[PDB]
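File shown: work-v8.cif (mmCIF, C-alpha atoms).
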```
data_structure
loop_
_atom_site.group_PDB
_atom_site.id
_atom_site.type_symbol
_atom_site.label_atom_id
_atom_site.label_comp_id
_atom_site.auth_asym_id
_atom_site.auth_seq_id
_atom_site.Cartn_x
_atom_site.Cartn_y
_atom_site.Cartn_z
ATOM 1 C CA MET A 1 95.526 75.404 -4.806
ATOM 2 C CA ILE A 2 92.726 74.491 -2.394
ATOM 3 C CA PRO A 3 91.300 71.437 -4.253
ATOM 4 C CA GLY A 4 94.927 70.365 -4.412
ATOM 5 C CA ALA A 5 97.098 70.342 -1.261
ATOM 6 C CA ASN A 6 95.499 68.284 1.513
ATOM 7 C CA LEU A 7 92.579 69.819 3.410
ATOM 8 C CA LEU A 8 92.222 66.888 5.810
ATOM 9 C CA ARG A 9 95.942 67.022 6.633
ATOM 10 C CA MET A 10 95.643 70.614 7.848
ATOM 11 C CA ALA A 11 92.267 69.903 9.468
ATOM 12 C CA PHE A 12 94.054 67.259 11.546
ATOM 13 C CA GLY A 13 96.213 70.064 12.941
ATOM 14 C CA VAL A 14 93.402 71.397 15.134
ATOM 15 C CA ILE A 15 91.028 68.475 15.694
ATOM 16 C CA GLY A 16 91.992 65.181 17.274
ATOM 17 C CA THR A 17 92.730 61.979 15.434
ATOM 18 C CA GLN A 18 92.101 58.316 16.174
ATOM 19 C CA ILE A 19 94.556 55.598 15.158
ATOM 20 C CA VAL A 20 93.076 52.643 13.289
ATOM 21 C CA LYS A 21 94.752 49.497 11.991
ATOM 22 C CA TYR A 22 94.153 49.679 8.258
ATOM 23 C CA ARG A 23 94.578 46.680 5.980
ATOM 24 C CA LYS A 24 94.478 46.682 2.176
ATOM 25 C CA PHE A 25 93.102 44.033 -0.185
ATOM 26 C CA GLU A 26 95.749 42.033 -2.068
ATOM 27 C CA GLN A 27 94.120 39.136 -3.946
ATOM 28 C CA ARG A 28 91.148 36.833 -3.584
ATOM 29 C CA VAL A 29 90.737 33.192 -4.593
ATOM 30 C CA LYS A 30 87.966 30.606 -4.532
ATOM 31 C CA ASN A 31 88.464 27.855 -1.979
ATOM 32 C CA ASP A 32 86.302 24.739 -2.122
ATOM 33 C CA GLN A 33 82.515 25.294 -2.382
ATOM 34 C CA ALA A 34 83.136 28.190 -4.818
ATOM 35 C CA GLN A 35 83.131 30.814 -2.085
ATOM 36 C CA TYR A 36 85.938 33.335 -2.392
ATOM 37 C CA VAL A 37 88.493 33.820 0.395
ATOM 38 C CA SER A 38 89.907 37.325 0.787
ATOM 39 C CA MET A 39 93.554 37.987 1.568
ATOM 40 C CA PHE A 40 95.226 41.265 2.288
ATOM 41 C CA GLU A 41 98.420 43.281 2.591
ATOM 42 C CA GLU A 42 100.291 43.786 5.837
ATOM 43 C CA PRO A 43 98.342 45.876 8.377
ATOM 44 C CA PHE A 44 99.549 49.397 9.038
ATOM 45 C CA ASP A 45 98.510 52.214 11.338
ATOM 46 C CA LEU A 46 96.339 54.978 9.889
ATOM 47 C CA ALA A 47 95.477 58.404 11.288
ATOM 48 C CA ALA A 48 91.786 59.087 10.763
ATOM 49 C CA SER A 49 88.679 60.673 12.238
ATOM 50 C CA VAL A 50 85.986 58.047 12.764
ATOM 51 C CA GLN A 51 82.683 59.834 13.301
ATOM 52 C CA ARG A 52 79.453 58.063 14.156
ATOM 53 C CA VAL A 53 76.500 57.208 11.953
ATOM 54 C CA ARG A 54 73.005 56.886 13.421
ATOM 55 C CA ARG A 55 72.415 53.131 13.606
ATOM 56 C CA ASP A 56 68.806 52.020 14.028
ATOM 57 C CA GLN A 57 67.487 48.561 14.789
ATOM 58 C CA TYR A 58 65.117 46.888 12.342
ATOM 59 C CA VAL A 59 63.124 43.676 11.969
ATOM 60 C CA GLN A 60 63.662 40.897 9.436
ATOM 61 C CA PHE A 61 62.112 37.400 9.378
ATOM 62 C CA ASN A 62 60.532 38.257 12.773
ATOM 63 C CA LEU A 63 64.000 38.745 14.302
ATOM 64 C CA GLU A 64 65.644 42.006 15.344
ATOM 65 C CA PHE A 65 68.876 43.185 13.704
ATOM 66 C CA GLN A 66 71.001 46.331 13.653
ATOM 67 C CA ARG A 67 73.768 47.377 11.254
ATOM 68 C CA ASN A 68 76.644 49.207 12.952
ATOM 69 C CA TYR A 69 78.091 52.080 10.922
ATOM 70 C CA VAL A 70 81.059 54.449 11.232
ATOM 71 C CA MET A 71 82.080 57.240 8.852
ATOM 72 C CA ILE A 72 85.875 57.391 8.540
ATOM 73 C CA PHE A 73 87.719 60.435 7.189
ATOM 74 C CA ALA A 74 91.247 59.251 6.418
ATOM 75 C CA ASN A 75 94.177 60.684 4.475
ATOM 76 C CA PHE A 76 94.617 57.598 2.313
ATOM 77 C CA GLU A 77 93.235 55.906 -0.792
ATOM 78 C CA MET A 78 90.384 53.746 0.498
ATOM 79 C CA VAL A 79 88.598 51.389 -1.896
ATOM 80 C CA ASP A 80 85.497 49.348 -1.063
ATOM 81 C CA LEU A 81 83.772 46.672 -3.211
ATOM 82 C CA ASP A 82 84.760 46.779 -6.875
ATOM 83 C CA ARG A 83 84.700 44.609 -9.991
ATOM 84 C CA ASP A 84 87.179 41.759 -9.284
ATOM 85 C CA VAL A 85 88.202 43.472 -6.007
ATOM 86 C CA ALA A 86 87.010 43.062 -2.428
ATOM 87 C CA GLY A 87 86.743 45.886 0.068
ATOM 88 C CA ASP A 88 89.429 46.954 2.509
ATOM 89 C CA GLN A 89 89.316 46.444 6.264
ATOM 90 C CA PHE A 90 90.317 48.455 9.315
ATOM 91 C CA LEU A 91 90.418 47.642 13.021
ATOM 92 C CA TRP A 92 89.199 50.094 15.649
ATOM 93 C CA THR A 93 88.414 49.573 19.362
ATOM 94 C CA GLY A 94 88.760 45.832 18.910
ATOM 95 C CA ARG A 95 86.121 45.793 16.173
ATOM 96 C CA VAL A 96 86.584 44.928 12.514
ATOM 97 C CA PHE A 97 85.106 47.342 9.986
ATOM 98 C CA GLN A 98 84.811 47.071 6.224
ATOM 99 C CA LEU A 99 84.127 50.003 3.925
ATOM 100 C CA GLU A 100 80.707 50.237 2.292
ATOM 101 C CA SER A 101 80.511 53.571 0.468
ATOM 102 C CA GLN A 102 83.371 55.605 -1.007
ATOM 103 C CA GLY A 103 83.615 59.376 -0.816
ATOM 104 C CA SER A 104 86.628 59.422 -3.184
ATOM 105 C CA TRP A 105 88.423 62.865 -3.098
ATOM 106 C CA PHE A 106 91.809 61.091 -3.176
ATOM 107 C CA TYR A 107 93.171 61.930 -6.625
ATOM 108 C CA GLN A 108 91.677 65.401 -6.268
ATOM 109 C CA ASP A 109 92.933 66.097 -2.753
ATOM 110 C CA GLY A 110 94.606 63.065 -1.127
ATOM 111 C CA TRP A 111 91.973 62.260 1.512
ATOM 112 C CA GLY A 112 88.736 60.305 1.565
ATOM 113 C CA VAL A 113 85.580 59.488 3.488
ATOM 114 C CA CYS A 114 83.987 56.050 3.706
ATOM 115 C CA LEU A 115 81.018 54.449 5.424
ATOM 116 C CA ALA A 116 82.094 51.222 7.125
ATOM 117 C CA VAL A 117 80.118 48.422 8.763
ATOM 118 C CA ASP A 118 81.147 46.458 11.828
ATOM 119 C CA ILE A 119 81.891 42.779 11.266
ATOM 120 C CA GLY A 120 82.676 41.317 14.675
ATOM 121 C CA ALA A 121 85.027 41.257 17.611
ATOM 122 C CA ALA A 122 88.740 41.381 16.893
ATOM 123 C CA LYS A 123 91.034 38.441 17.424
ATOM 124 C CA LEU A 124 93.010 38.917 20.636
ATOM 125 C CA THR A 125 96.756 38.376 20.472
ATOM 126 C CA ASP A 126 98.640 36.503 23.177
ATOM 127 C CA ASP A 127 99.961 39.831 24.494
ATOM 128 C CA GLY A 128 96.451 41.337 24.512
ATOM 129 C CA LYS A 129 96.728 43.486 21.388
ATOM 130 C CA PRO A 130 93.347 43.898 19.631
ATOM 131 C CA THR A 131 94.634 42.968 16.177
ATOM 132 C CA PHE A 132 94.515 39.950 13.888
ATOM 133 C CA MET B 1 74.355 16.955 5.792
ATOM 134 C CA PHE B 2 74.897 16.682 2.041
ATOM 135 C CA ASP B 3 74.877 20.217 0.618
ATOM 136 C CA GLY B 4 78.574 20.630 1.371
ATOM 137 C CA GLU B 5 79.597 17.478 -0.478
ATOM 138 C CA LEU B 6 77.012 18.168 -3.186
ATOM 139 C CA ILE B 7 78.255 21.722 -3.645
ATOM 140 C CA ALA B 8 81.829 20.444 -3.924
ATOM 141 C CA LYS B 9 80.845 17.861 -6.553
ATOM 142 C CA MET B 10 78.688 20.393 -8.412
ATOM 143 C CA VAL B 11 81.589 22.855 -8.410
ATOM 144 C CA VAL B 12 83.862 20.167 -9.869
ATOM 145 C CA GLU B 13 81.299 19.365 -12.572
ATOM 146 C CA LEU B 14 80.688 23.054 -13.330
ATOM 147 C CA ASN B 15 84.422 23.679 -13.681
ATOM 148 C CA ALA B 16 84.605 20.674 -16.010
ATOM 149 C CA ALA B 17 81.749 22.125 -18.074
ATOM 150 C CA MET B 18 83.600 25.452 -18.206
ATOM 151 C CA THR B 19 86.803 23.746 -19.370
ATOM 152 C CA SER B 20 84.772 22.083 -22.123
ATOM 153 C CA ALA B 21 83.107 25.426 -22.926
ATOM 154 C CA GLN B 22 86.564 26.909 -23.407
ATOM 155 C CA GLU B 23 87.094 24.389 -26.225
ATOM 156 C CA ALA B 24 83.868 24.767 -28.208
ATOM 157 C CA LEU B 25 83.641 28.586 -28.486
ATOM 158 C CA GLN B 26 86.293 30.692 -26.750
ATOM 159 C CA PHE B 27 86.168 32.979 -23.717
ATOM 160 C CA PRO B 28 88.922 34.800 -21.847
ATOM 161 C CA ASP B 29 89.199 32.500 -18.788
ATOM 162 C CA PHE B 30 86.191 31.609 -16.597
ATOM 163 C CA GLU B 31 85.095 31.237 -12.983
ATOM 164 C CA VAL B 32 82.477 29.158 -11.189
ATOM 165 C CA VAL B 33 81.139 30.800 -8.036
ATOM 166 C CA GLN B 34 78.296 30.704 -5.532
ATOM 167 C CA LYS B 35 75.961 33.676 -5.842
ATOM 168 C CA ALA B 36 75.402 34.445 -2.144
ATOM 169 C CA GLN B 37 78.983 35.108 -1.075
ATOM 170 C CA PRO B 38 79.244 35.019 2.751
ATOM 171 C CA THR B 39 81.639 38.001 2.665
ATOM 172 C CA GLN B 40 81.726 41.221 0.629
ATOM 173 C CA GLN B 41 83.450 40.293 -2.644
ATOM 174 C CA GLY B 42 82.909 41.608 -6.129
ATOM 175 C CA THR B 43 81.544 40.380 -9.403
ATOM 176 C CA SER B 44 84.211 39.318 -11.881
ATOM 177 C CA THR B 45 84.683 40.874 -15.331
ATOM 178 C CA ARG B 46 85.502 37.457 -16.769
ATOM 179 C CA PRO B 47 82.729 35.213 -18.120
ATOM 180 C CA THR B 48 81.515 33.295 -15.082
ATOM 181 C CA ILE B 49 78.883 30.788 -14.021
ATOM 182 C CA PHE B 50 77.002 31.262 -10.755
ATOM 183 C CA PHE B 51 75.138 28.614 -8.821
ATOM 184 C CA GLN B 52 72.841 28.852 -5.822
ATOM 185 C CA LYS B 53 70.532 26.630 -3.782
ATOM 186 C CA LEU B 54 66.809 27.360 -4.087
ATOM 187 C CA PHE B 55 64.658 24.577 -2.606
ATOM 188 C CA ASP B 56 64.804 21.047 -1.259
ATOM 189 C CA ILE B 57 61.817 18.801 -1.997
ATOM 190 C CA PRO B 58 61.828 15.412 -0.250
ATOM 191 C CA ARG B 59 60.495 12.711 -2.556
ATOM 192 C CA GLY B 60 58.555 9.805 -1.091
ATOM 193 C CA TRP B 61 58.360 8.727 2.526
ATOM 194 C CA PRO B 62 61.660 7.967 4.285
ATOM 195 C CA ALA B 63 62.835 4.380 3.924
ATOM 196 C CA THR B 64 64.021 2.818 7.182
ATOM 197 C CA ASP B 65 66.453 -0.101 7.132
ATOM 198 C CA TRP B 66 67.563 -1.968 10.252
ATOM 199 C CA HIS B 67 71.251 -2.773 10.780
ATOM 200 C CA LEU B 68 72.554 -4.833 13.690
ATOM 201 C CA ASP B 69 75.752 -3.585 15.307
ATOM 202 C CA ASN B 70 76.284 -7.105 16.790
ATOM 203 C CA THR B 71 78.293 -5.625 19.692
ATOM 204 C CA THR B 72 75.828 -3.779 21.945
ATOM 205 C CA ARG B 73 72.773 -5.618 20.508
ATOM 206 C CA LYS B 74 71.349 -2.322 19.227
ATOM 207 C CA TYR B 75 69.370 -2.030 15.999
ATOM 208 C CA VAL B 76 70.803 1.028 14.273
ATOM 209 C CA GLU B 77 67.960 2.352 12.144
ATOM 210 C CA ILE B 78 69.028 3.988 8.883
ATOM 211 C CA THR B 79 66.436 6.456 7.617
ATOM 212 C CA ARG B 80 67.166 7.289 3.984
ATOM 213 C CA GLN B 81 65.308 10.280 2.580
ATOM 214 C CA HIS B 82 65.294 10.960 -1.143
ATOM 215 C CA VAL B 83 65.862 14.617 -1.976
ATOM 216 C CA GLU B 84 65.445 16.737 -5.097
ATOM 217 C CA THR B 85 67.361 19.941 -4.581
ATOM 218 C CA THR B 86 66.965 22.770 -7.075
ATOM 219 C CA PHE B 87 70.028 24.731 -8.180
ATOM 220 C CA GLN B 88 69.675 28.118 -9.822
ATOM 221 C CA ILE B 89 72.526 28.093 -12.348
ATOM 222 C CA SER B 90 73.157 31.446 -14.002
ATOM 223 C CA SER B 91 75.825 33.022 -16.184
ATOM 224 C CA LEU B 92 77.350 36.465 -16.602
ATOM 225 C CA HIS B 93 79.497 37.647 -19.504
ATOM 226 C CA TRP B 94 79.495 41.228 -20.757
ATOM 227 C CA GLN B 95 79.209 41.657 -24.519
ATOM 228 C CA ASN B 96 81.838 43.720 -26.326
ATOM 229 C CA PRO B 97 80.490 45.298 -29.541
ATOM 230 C CA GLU B 98 83.971 45.636 -31.065
ATOM 231 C CA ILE B 99 84.946 41.952 -30.859
ATOM 232 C CA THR B 100 83.765 39.563 -33.586
ATOM 233 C CA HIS B 101 83.844 36.175 -31.794
ATOM 234 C CA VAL B 102 80.749 37.007 -29.787
ATOM 235 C CA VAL B 103 79.316 34.551 -27.254
ATOM 236 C CA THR B 104 76.433 35.962 -25.237
ATOM 237 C CA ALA B 105 75.854 34.828 -21.666
ATOM 238 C CA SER B 106 72.709 33.004 -22.799
ATOM 239 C CA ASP B 107 74.951 30.783 -24.915
ATOM 240 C CA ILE B 108 77.240 29.877 -22.018
ATOM 241 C CA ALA B 109 74.158 28.996 -19.972
ATOM 242 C CA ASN B 110 72.781 26.986 -22.908
ATOM 243 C CA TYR B 111 76.027 25.047 -23.263
ATOM 244 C CA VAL B 112 76.067 24.295 -19.531
ATOM 245 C CA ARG B 113 72.492 23.015 -19.780
ATOM 246 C CA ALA B 114 73.169 20.903 -22.869
ATOM 247 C CA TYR B 115 76.359 19.484 -21.352
ATOM 248 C CA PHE B 116 74.571 18.609 -18.122
ATOM 249 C CA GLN B 117 71.727 16.863 -19.982
ATOM 250 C CA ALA B 118 73.918 14.621 -22.149
ATOM 251 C CA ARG B 119 73.823 10.929 -21.297
ATOM 252 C CA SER B 120 77.569 10.538 -20.695
ATOM 253 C CA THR B 121 77.630 13.346 -18.135
ATOM 254 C CA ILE B 122 74.531 11.784 -16.571
ATOM 255 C CA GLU B 123 76.355 8.468 -16.165
ATOM 256 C CA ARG B 124 79.443 10.210 -14.743
ATOM 257 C CA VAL B 125 77.303 12.163 -12.281
ATOM 258 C CA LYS B 126 75.595 8.864 -11.393
ATOM 259 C CA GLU B 127 79.037 7.499 -10.576
ATOM 260 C CA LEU B 128 79.317 10.599 -8.354
ATOM 261 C CA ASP B 129 76.190 9.566 -6.311
ATOM 262 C CA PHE B 130 73.484 11.910 -7.732
ATOM 263 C CA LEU B 131 71.713 12.647 -11.033
ATOM 264 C CA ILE B 132 70.183 15.481 -13.053
ATOM 265 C CA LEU B 133 66.587 16.076 -14.185
ATOM 266 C CA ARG B 134 65.288 17.977 -17.201
ATOM 267 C CA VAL B 135 65.782 21.712 -17.630
ATOM 268 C CA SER B 136 62.632 23.033 -19.269
ATOM 269 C CA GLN B 137 63.462 26.740 -19.640
ATOM 270 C CA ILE B 138 66.394 29.151 -19.863
ATOM 271 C CA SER B 139 65.398 32.737 -19.109
ATOM 272 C CA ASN B 140 67.635 35.396 -20.666
ATOM 273 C CA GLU B 141 66.816 38.720 -19.006
ATOM 274 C CA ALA B 142 68.287 42.210 -19.282
ATOM 275 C CA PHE B 143 69.501 44.565 -16.561
ATOM 276 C CA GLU B 144 71.929 47.430 -15.928
ATOM 277 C CA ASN B 145 75.386 46.619 -14.621
ATOM 278 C CA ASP B 146 77.482 49.024 -12.565
ATOM 279 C CA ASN B 147 78.818 50.745 -15.700
ATOM 280 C CA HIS B 148 75.311 51.886 -16.784
ATOM 281 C CA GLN B 149 75.396 49.500 -19.733
ATOM 282 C CA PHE B 150 73.056 46.626 -20.554
ATOM 283 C CA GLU B 151 73.821 43.043 -19.597
ATOM 284 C CA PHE B 152 72.130 39.658 -19.773
ATOM 285 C CA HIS B 153 71.931 37.360 -16.737
ATOM 286 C CA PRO B 154 70.414 34.099 -17.998
ATOM 287 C CA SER B 155 69.523 31.449 -15.451
ATOM 288 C CA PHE B 156 67.866 28.049 -15.270
ATOM 289 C CA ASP B 157 66.830 25.601 -12.556
ATOM 290 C CA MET B 158 68.561 22.215 -12.446
ATOM 291 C CA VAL B 159 67.005 19.549 -10.239
ATOM 292 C CA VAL B 160 69.565 17.266 -8.595
ATOM 293 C CA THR B 161 68.320 14.072 -6.946
ATOM 294 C CA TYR B 162 70.121 12.078 -4.255
ATOM 295 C CA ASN B 163 69.690 10.404 -0.862
ATOM 296 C CA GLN B 164 70.609 11.420 2.664
ATOM 297 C CA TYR B 165 71.108 8.916 5.466
ATOM 298 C CA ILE B 166 70.180 9.279 9.145
ATOM 299 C CA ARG B 167 71.474 6.936 11.846
ATOM 300 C CA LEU B 168 69.526 6.413 15.073
ATOM 301 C CA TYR B 169 69.279 3.705 17.729
ATOM 302 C CA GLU B 170 66.607 1.185 18.704
ATOM 303 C CA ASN B 171 66.447 -1.816 21.011
ATOM 304 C CA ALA B 172 66.659 -5.401 19.770
ATOM 305 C CA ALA B 173 64.942 -8.583 20.934
ATOM 306 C CA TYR B 174 65.538 -12.328 20.523
ATOM 307 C CA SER B 175 62.619 -13.826 22.440
ATOM 308 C CA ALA B 176 58.963 -14.802 22.070
ATOM 309 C CA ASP B 177 56.941 -15.244 25.282
ATOM 310 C CA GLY B 178 53.334 -15.828 24.259
ATOM 311 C CA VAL B 179 50.223 -16.300 26.390
ATOM 312 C CA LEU B 180 47.802 -18.824 24.869
ATOM 313 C CA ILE B 181 44.500 -18.027 26.582
ATOM 314 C CA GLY B 182 41.350 -20.036 25.956
ATOM 315 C CA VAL B 183 38.518 -17.808 24.617
#
```
Whole structure given in structure tokens:
Amino acid sequence: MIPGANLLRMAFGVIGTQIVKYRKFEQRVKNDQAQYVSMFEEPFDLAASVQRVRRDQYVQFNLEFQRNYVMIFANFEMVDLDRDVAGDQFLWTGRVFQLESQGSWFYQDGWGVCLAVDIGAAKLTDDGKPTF
Amino acid sequence: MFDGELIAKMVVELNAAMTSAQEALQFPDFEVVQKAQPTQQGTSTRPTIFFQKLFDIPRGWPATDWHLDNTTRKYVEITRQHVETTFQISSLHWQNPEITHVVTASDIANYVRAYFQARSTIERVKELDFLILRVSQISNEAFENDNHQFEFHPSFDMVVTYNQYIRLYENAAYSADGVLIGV
């Protein structure tokens, strides 16, 4: 049935697909100063389409900011912020991204769409790989 | 230069108050966290206490003491400024209608206040280099949590007073060369 199966899996047959380095939340503890420190599963490659989102600069406290967005369609269960759970993180083009929205569709269909913000430049490995 | 050490000590004291709050009245676990988390991380289902920095009011003019290093003949000036910081201390604990041992979030906030205003905790906190002023209000307000239910997020302001020390340099002198002129 069409809401079953996997529509994004067959849609990947015709359109191209970028490879991101996904990384799933594992647990999260408070270090000193009561801030929480996030820790994650092992990174793994993910096949996804990362379309753009119109990012516009704004002004706050007389400075100029801009929030960098990407909309990722991926064939995986992606979970952002949640009660007692921090959001997931994926690496793309040497930039860290964390999910912000959640388009769900997983348990219905197996795929999902999420809006993700940029965090900062990736850590560079000794061999030059753009991964943590 | 002190908010890091102060936040560590306040976290220790808040966790102590939560351990005591586990004894008188009972909650399933607890947490003590800072409200403005520098990375995206969720609110906890468990009954927790949040704390945040609000202001910093210097009290009185800075007091400058002069300390000789005795090596380079430099007067190190020590400028001590007295500071009253204000901590917004809040609580969050969802209320389950089915359970019978009910403790609303206002009560956890009230117990934290009453613990932090007792004289023994004042003397302990004094031994930890700061003190606590009076809390004159606890505001229990209602809002909608992410489950479209109703929750209370009580909060009060606790004024914490301490000193912070600044070290700078000045030149010394051990001479007196006067000029006695005649009118």
Taking only C-alpha atoms into account, report as a count of residues only which residues of chain B lie within 10 Å of chain A. 29
Take atom CA of residue 74 of chain A and atom CA of residue 48 of chain A and report the distance between them in Å, one decimal.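 About the pair atom CA of residue 74 of chain A and atom CA of residue 48 of chain A: they are 4.4 Å apart.
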Go through the shown structure with the PyMOL selection byres ((chain B and resi 115-126) around 12) and write out the matching residues as number ranges by chain. B: 6, 9-10, 12-21, 24, 89, 107-114, 127-136, 156-162
Selected by the PyMOL selection byres ((chain A and resi 70) around 10) in the shown coordinates: which residues, as a list in words? residues 49, 50, 51, 52, 53, 54, 55, 68, 69, 71, 72, 73, 97, 98, 99, 100, 114, 115, 116, 117 and 118 of chain A
Write the residues you've just listed into a file as a short mmCIF file (atom, residue, chain, number, x, y, z; two decimals), keeping the file's coordinate frame, and include C-alpha atoms for each of them.
```
data_model
loop_
_atom_site.label_atom_id
_atom_site.label_comp_id
_atom_site.auth_asym_id
_atom_site.auth_seq_id
_atom_site.Cartn_x
_atom_site.Cartn_y
_atom_site.Cartn_z
CA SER A 49 88.68 60.67 12.24
CA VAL A 50 85.99 58.05 12.76
CA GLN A 51 82.68 59.83 13.30
CA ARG A 52 79.45 58.06 14.16
CA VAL A 53 76.50 57.21 11.95
CA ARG A 54 73.00 56.89 13.42
CA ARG A 55 72.42 53.13 13.61
CA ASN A 68 76.64 49.21 12.95
CA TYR A 69 78.09 52.08 10.92
CA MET A 71 82.08 57.24 8.85
CA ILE A 72 85.88 57.39 8.54
CA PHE A 73 87.72 60.44 7.19
CA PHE A 97 85.11 47.34 9.99
CA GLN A 98 84.81 47.07 6.22
CA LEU A 99 84.13 50.00 3.92
CA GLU A 100 80.71 50.24 2.29
CA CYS A 114 83.99 56.05 3.71
CA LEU A 115 81.02 54.45 5.42
CA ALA A 116 82.09 51.22 7.12
CA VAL A 117 80.12 48.42 8.76
CA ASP A 118 81.15 46.46 11.83
#
```
Set the distance at 12 Å and use all atoms listed in the file: which residues neighbour segment 125-129 of chain A once local chain neighbours fewer than 2 positions away are removed? I'd like the list as JSON, numbers by chain. {"A": [21, 91, 92, 93, 94, 122, 123, 131, 132]}
Emit the selected residues as a short mmCIF file (atom, residue, chain, number, x, y, z; two decimals), keeping the file's coordinate frame, including C-alpha atoms.
```
data_model
loop_
_atom_site.label_atom_id
_atom_site.label_comp_id
_atom_site.auth_asym_id
_atom_site.auth_seq_id
_atom_site.Cartn_x
_atom_site.Cartn_y
_atom_site.Cartn_z
CA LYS A 21 94.75 49.50 11.99
CA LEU A 91 90.42 47.64 13.02
CA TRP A 92 89.20 50.09 15.65
CA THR A 93 88.41 49.57 19.36
CA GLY A 94 88.76 45.83 18.91
CA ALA A 122 88.74 41.38 16.89
CA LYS A 123 91.03 38.44 17.42
CA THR A 131 94.63 42.97 16.18
CA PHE A 132 94.52 39.95 13.89
#
```
For the PyMOL selection byres ((chain B and resi 70-76) around 9), applied here, can you spell out every residue it catches as a list in words?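 On this input, the PyMOL selection byres ((chain B and resi 70-76) around 9) captures residues 65, 66, 67, 68, 69, 77, 78, 167, 168, 169, 170, 171, 172 and 173 of chain B.
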Smallest atom-to-atom distance to residue 155 of chain B: which of B:95, B:90, B:26, B:100, using only C-alpha atoms?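 Closest to residue 155 of chain B of all the choices is B:90.
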Between atom CA of residue 24 of chain A and atom CA of residue 107 of chain A lies a distance of 17.7 Å
Take atom CA of residue 1 of chain A and atom CA of residue 46 of chain A and report the distance between them in Å, one decimal.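 Result for atom CA of residue 1 of chain A versus atom CA of residue 46 of chain A: 25.2 Å, one decimal.
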Top pick for closest residue to residue 84 of chain B, considering B:25, B:2, B:154, B:140 and counting all atoms listed in the file: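 Ranking B:25, B:2, B:154, B:140 by distance to residue 84 of chain B, first place goes to B:2.
Among A:47, A:58, A:101, A:66, the residue with the shortest atom-to-atom distance to residue 9 of chain A, counting all atoms listed in the file, is A:47.
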